[PDB]
Amino acid sequence: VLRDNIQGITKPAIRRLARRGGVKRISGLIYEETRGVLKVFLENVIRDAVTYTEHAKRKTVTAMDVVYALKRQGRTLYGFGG
Amino acid sequence: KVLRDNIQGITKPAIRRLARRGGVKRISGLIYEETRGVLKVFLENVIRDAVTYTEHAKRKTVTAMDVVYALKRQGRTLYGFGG
Amino acid sequence: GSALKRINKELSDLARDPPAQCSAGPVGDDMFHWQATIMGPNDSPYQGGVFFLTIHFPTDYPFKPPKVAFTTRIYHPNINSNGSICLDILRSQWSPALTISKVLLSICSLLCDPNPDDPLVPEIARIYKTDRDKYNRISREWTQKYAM
Amino acid sequence: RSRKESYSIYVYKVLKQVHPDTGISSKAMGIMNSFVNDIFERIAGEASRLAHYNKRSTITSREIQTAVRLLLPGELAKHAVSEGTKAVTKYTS
Amino acid sequence: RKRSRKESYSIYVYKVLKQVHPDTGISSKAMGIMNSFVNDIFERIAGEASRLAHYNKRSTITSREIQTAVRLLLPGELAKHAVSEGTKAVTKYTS
Amino acid sequence: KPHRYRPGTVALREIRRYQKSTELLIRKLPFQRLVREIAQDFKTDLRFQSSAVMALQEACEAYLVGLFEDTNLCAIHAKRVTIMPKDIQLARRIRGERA
Amino acid sequence: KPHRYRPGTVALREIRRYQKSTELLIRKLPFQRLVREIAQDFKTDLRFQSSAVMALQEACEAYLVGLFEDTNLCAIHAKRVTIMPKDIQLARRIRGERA
Amino acid sequence: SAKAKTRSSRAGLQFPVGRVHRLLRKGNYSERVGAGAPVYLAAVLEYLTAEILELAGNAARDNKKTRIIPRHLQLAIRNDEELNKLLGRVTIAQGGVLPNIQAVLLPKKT
Amino acid sequence: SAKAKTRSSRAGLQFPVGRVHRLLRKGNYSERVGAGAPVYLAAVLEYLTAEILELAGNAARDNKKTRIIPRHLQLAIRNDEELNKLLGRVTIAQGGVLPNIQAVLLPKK
Amino acid sequence: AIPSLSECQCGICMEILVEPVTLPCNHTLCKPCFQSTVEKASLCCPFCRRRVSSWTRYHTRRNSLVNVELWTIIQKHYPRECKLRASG
DNA sequence: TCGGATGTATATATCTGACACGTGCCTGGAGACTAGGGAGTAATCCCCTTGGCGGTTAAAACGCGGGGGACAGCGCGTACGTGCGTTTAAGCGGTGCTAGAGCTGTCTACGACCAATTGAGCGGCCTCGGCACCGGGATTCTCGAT
DNA sequence: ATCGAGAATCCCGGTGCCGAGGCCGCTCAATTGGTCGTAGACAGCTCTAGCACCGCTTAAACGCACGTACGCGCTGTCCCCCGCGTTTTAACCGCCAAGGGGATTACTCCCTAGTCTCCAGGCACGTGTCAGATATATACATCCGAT
Ligand SMILES: [Zn+2]
Ligand SMILES: [Zn+2]
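Below you can see the structure in the form of structure tokens.
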């Protein structure tokens, strides 16, 4: 079992993701919030990925499952299949 | 039967009403023109599709189902007129 | 785990309160297999007759309905060959708060007036809704030669 | 003339089942027709994409069930899945 | 045993490349991206033509269906040029 | 003597009155003329089913109402109560319409 | 003597350095652990293809980068240069994600 | 269910099952349509329609009208937390909007 | 053009026309697939691929690299207008992003 | 006051209202009886035949299905019944 | 706090047309039967996923000094809301014409289906060059100090 | 304004490696040819609904005056992010090992397509009546100036 791993999305990693987005100055209350929204996004993709894996009666979540989940949500991904 | 400057038919009171329904308390005098612009663009992305369906079925009347399909294509599904 | 207490409550109910013009009980030692006896109501073409019927309590009683079926051969619009019954509170309208007494009174009310809306045997239903004299003639003959 | 198909009578049945007195206007009946057709298209399309992904060639019940788990949000999903499983179990036996 | 075969648009994309840039290669990840792009566009166009042939109660995906799906699915200049290319190829094929 | 409400109250009263109703706000014939003009621009010599014009009007009104909701959110975010064109432009740029 | 750039220049230099590249920014193993945790929450006793974890990471990074672009647009709109949580909340509310 | 009545009745539903079966066959969704799928899909459709009609009827009773009209449908859909998420993009005709004014715009308590 | 030859070459394309025909038949897109539709579709796909490869090859020549990689595909897609409108939602793996610093954040005298 | 142990039972399974739930129709039944009469029945009230589907969703979304204050009265007035009911 | 003044909700007759219901029929849904192939079950096999060291070292965590931006406060001058008298054209009803959507009948050329057959394309092998990388050197922004 | 020290960034050359592009063998699906049922094209007829016009009412648009609330700019404060040096935690990598479960092949059977026959569920159509819209006249709530 695992617990408290959203803290693995550290502060400087969010700073990097912010720089690439074009953000010059960040406020200390962003980091926490960011983790929050990121988690939501994952809890919306993995849930569908699993739903595909559970349909085909498999136990591994292949890349095509994640790609289909994304495409179903509207975040089409190019580079792993599809 | 050509026509001109019909977008000025979307008057300033009509846009004020649309903004009230949206929950806007005070409107700047430079919104109206801007809004019209936006509005026109929206139509030029629905009618263009609607007509494209009409041209395909070899008809000359844009039916309600044409407009509804054109809308559904853009992700703005509309209930109440069919399909 | 709750089915045992539910059937206990039901048997205590039939003990302290006999159904209207009816009776019931466990045909065997097991609580899920039961036999009941219904008397022919006056406002029913089967006056005076007595009919025995078998009850099968399900595994998820009460939330699942118990299948009842008339063992005696009856020429009824709602009774098929073996004796199954078509009742809505027995298939989908079944509310698990119901007791035995309520389903018994409902089947009594159906005996008072057959419901050929969704019938099991078509020709008896059509002769009941076409010419009622031949219908109650044959039903009275049945309830005198098989229920007596 | 020509005869059209619609879910009007069935929507009215469900209405009179869950609200024995309130009727329903005509335009509301049109909106309900459109809603039923839309949800039909969504569920059927997703089940078809499932059948095509798993290389099957038939839309069984479980494909519709997975499509319902995908489209509908959480609690509607659970309730509708339970309802459909119940209907199929009753239809079989 | 023997591994099953997986189709892809690799060689065709490579042919088109060597037509356009006769000296520029392409890396495997870029090839996978182009392949997925071809698949996605094929799916969009085909599904749109399918809905379009189902709206008018037809049962056949003619070329006209693909033409109208292209007109509906692509921006202005791409729509015009792609319709031109399609008509050219179809008339060359039939003649 | 002339009783006049302070500026800012008739606005809220109108907000309530218009959110409490459903009828169309853009008058019919001017919108119909605009639609026919854009049509004759795209493919000439067209006819329109009245239901199609009504559907166009409903879609346009719902779109504009959504856009004004998001514009008002922006204008409030910038510590204002007036909507200005930069608010609408930001709403459309974020929403993903024009980029 | 200790030469230190004024606050506001290393930020722009980092913006350029990170927009000029493509590699992943969130480290691999912590993101993998987070994904496996959410997984065991949804359906227990799962396995993952490394390609699936990589696809999840790419999707998450692209989503966060888009969200930060729109957040920065909001923060600039409010006459600021710092992004604050109300900026992110406004971006997500307008974008149509959570409403 | 041994009942050889219309499949709608044999499933306990109200929506048609034969019609859904045909629509699933003639619709080019797949080559084969199992005999269980139409029943399941008809049940799901009936359940969703029941939810929406119940909420709309509640709203119409609230507004003291005995006949559901599109405004009541819009109210029912937008006030629920899941039916709104399922119909986030849909636009009900003649539906109006949810009455709400932003808190900052309300007058200053003086 | 009359011929007895692979439908691709006869049509004057590079993409397969037989493979596209099979995908249009066995994909449940419709009951019957006209004999002139797969040719049209292969032509359109070939045109789009040629467009993106033109732009990506240019962008790769800019970086002095003689071999397209995902970064160049992303650049060629975002810089163009119609292509970026067509792939608005698509995410190109390992694609980076356009260099874009907002003007207000830049230094000032 | 509180009704006796007789009425404190579930009106369906005749057993104590272990973790009761108060439906919009003012009725009450133990949590297992509830979950059964919803996951294996027609989502309606077992007492007055009233659909609670939307209410059920709205309250299980918040995990506010169980009626805490009635349950506290049951655990302070008849705790031993709840404990003997806790094993089965 | 406070009494005018105005917009709003409320109770009451009334009246009309939209909705709910009954009917004929007819077309589509249900029932019986046959065949065949799609899917399920079993077996196996080897690809790759989890798990585990252990070493290096890039990267995160922490603390500190400060300076620049967030934010509050004042002010001021304009843009905009409110109200009103006036002018415009929308809306409605009624009428007349016909263009074109829609439906039926006939006929054939197009696509499905099936047996053969043969080469394009895919899997596997492999090798030389493009790109990665490191080290140094050239230069170019940046900051302070005048 | 300027110029000079200090980091940072861009160019350039040598070395190296692994993967992109090409070759070869072979299976299988794309092609060819023939047959056949029917979807669809086309002519013809119908008659529904869209277009054009007109006249009248009155609601809405409009142009204007005016007072004022607030949008915008300025100032001042202070506190909280930034840059940076230092230390500590853990990612990453290269390696090895076990085994599980994804993928594949063979067989069998039962579930569904296809066909024919038959009949009632539902649909277009017609009809009556009450739910709701309308108009009128009230009570009531809320705003605002002035105490
Ligand atoms: Zn209980
Ligand atoms: Zn109740």
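Residue numbers (the deposited numbering), protein chains in the order written: chain F, 21 to 102; chain B, 20 to 102; chain L, -2 to -1, 2 to 147; chain H, 31 to 123; chain D, 29 to 123; chain A, 37 to 135; chain E, 37 to 135; chain G, 11 to 120; chain C, 11 to 119; chain K, 7 to 94. Even for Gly, the Cβ is constructed at its ideal location relative to N, Cα and C.
Item, Value
"Going along the chain, which residues of the stretch 38 to 65 of chain H sit with their C-beta nearer than 8 Å to a C-beta in chain K?", "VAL48"
"Assign F/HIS75 to buried or exposed, taking buried as 16 or more other Cβ atoms, counted over all protein chains shown, within 10 Å of its Cβ.", "buried"
"Which residues in chain G have a C-beta closer than 9 Å to the C-beta of L/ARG90? List them in chain order.", "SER11, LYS13 and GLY22"
"Check each residue of the stretch 84 to 103 of chain A: if its Cβ is closer than 9 Å to any Cβ of chain B, include it; give the result in chain order.", "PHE84, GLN85, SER86, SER87, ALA88, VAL89, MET90, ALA91, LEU92, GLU94, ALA95, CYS96, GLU97, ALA98, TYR99, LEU100, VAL101, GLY102 and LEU103"
"What residues in the stretch 70 to 88 of chain B bring their beta carbon closer than 8 Å to a beta carbon of chain D?", "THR71, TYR72, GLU74, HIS75, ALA76, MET84 and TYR88"
"What are the partner residues of D/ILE54, as DSSP defines its beta bridges?", "C/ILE78"
"A/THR80 to B/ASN64, Cα distance in whole Å?", "17 Å"
"Quick one: is G/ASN110 near chain B, going by C-beta distance under 9 Å?", "yes"
"Going by DSSP, which residues form a beta bridge with K/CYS36?", "K/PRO26"
"From the beta carbon of D/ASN84, is the nearest beta carbon of chain F less than 9 Å away?", "no"
"Give me whichever residues DSSP pairs with C/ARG42 in a beta bridge.", "D/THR88"
"For H/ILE94, I'd like the list of residues in its chain whose CB is within less than 6 Å of its CB, leaving aside the five on either flank, ordered along the chain.", "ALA77"
"Indicate whether residue 124 of chain H and G/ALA60 have their beta-carbon atoms separated by less than 9 Å.", "As displayed, chain H neither begins before 31 nor continues past 123, which places residue 124 of chain H out of reach and without an answer."
"Can you list, in chain order, the residues of the stretch 32 to 44 of chain G whose Cβ is nearer than 8 Å to any Cβ on chain H?", "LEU33, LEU34, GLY37, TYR39, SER40, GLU41, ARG42, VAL43 and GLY44"
"Taking the CB atoms as reference points, tell me whether H/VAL98 and H/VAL111 lie closer together than 9 Å.", "yes"
"Note down the Cα distance separating E/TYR41 from E/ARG49, rounded to an integer number of angstroms.", "11 Å"
"Determine the extent of the beta strand (DSSP E) in which L/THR53 is found, giving its start and end residues.", "49 to 55"
"Please confirm whether A/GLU50 has its beta-carbon closer than 9 Å to some beta-carbon of chain G.", "no"
"Assuming D/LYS57 and F/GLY99 form a contact by the criterion Cβ under 8 Å, report the distance between their Cβ atoms to the nearest whole angstrom.", "6 Å"
"What separation, rounded to the nearest whole angstrom, lies between the Cα atoms of L/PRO64 and L/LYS8?", "16 Å"
"Excluding the five sequence neighbours on either side, which residues of its own chain have a C-beta within less than 6 Å of the C-beta of C/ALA45, listed in chain order?", "none"
"Keeping to the same chain, check which residues put their C-beta closer than 8 Å to that of C/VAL49; ignore five residues upstream and five downstream.", "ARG17, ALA21, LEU23 and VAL27"
"If contact means a Cβ-Cβ distance below 8 Å, which residues of the stretch 86 to 116 of chain H contact chain F?", "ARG92, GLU93, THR96, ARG99 and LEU100"
"Would you decide whether L/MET147 is buried or exposed? Buried here means 16 or more other CB atoms lie within 10 Å of its CB.", "exposed"
"Within 9 Å (strictly less), CB to CB, does A/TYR54 reach chain B?", "yes"
"Which residue's Cα is closest to the Cα of B/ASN25: A/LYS37, A/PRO38, A/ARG63 and A/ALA47?", "A/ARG63"
"With DSSP as the reference, identify every bridge partner of L/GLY24, one or two as the case may be.", "L/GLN34"
"Quick one: residues in its chain with C-beta nearer than 8 Å to the C-beta of G/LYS75, no 5 flanking neighbours on either side, listed in chain order?", "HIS82"
"For A/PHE104, report the span of its alpha helix (DSSP H) as first-last.", "86 to 113"
"For chain C, find out if any of its Cβ atoms is closer than 9 Å to the Cβ of D/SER32; answer yes or no.", "no"
"Could you check the C-alpha separation between L/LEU13 and L/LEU89 for me, to the nearest Å?", "19 Å"
"I'd like to confirm the pairing. Which residues does DSSP put opposite L/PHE69 in its beta bridges?", "L/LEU52"
"Is there contact here, the stretch 53 to 64 of chain B with the stretch 122 to 133 of chain A, by at least three beta-carbon pairs under 8 Å?", "yes"
"Would you please verify whether the beta carbon of D/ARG29 is less than 9 Å from any beta carbon of chain B?", "no"
"According to DSSP, which residues form a beta bridge with B/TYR98?", "G/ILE102"
"Can you give me the Cβ contacts of L/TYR60 inside the same chain, cut-off strictly under 6 Å, excluding the 5 residues immediately before and after it?", "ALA2 and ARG5"
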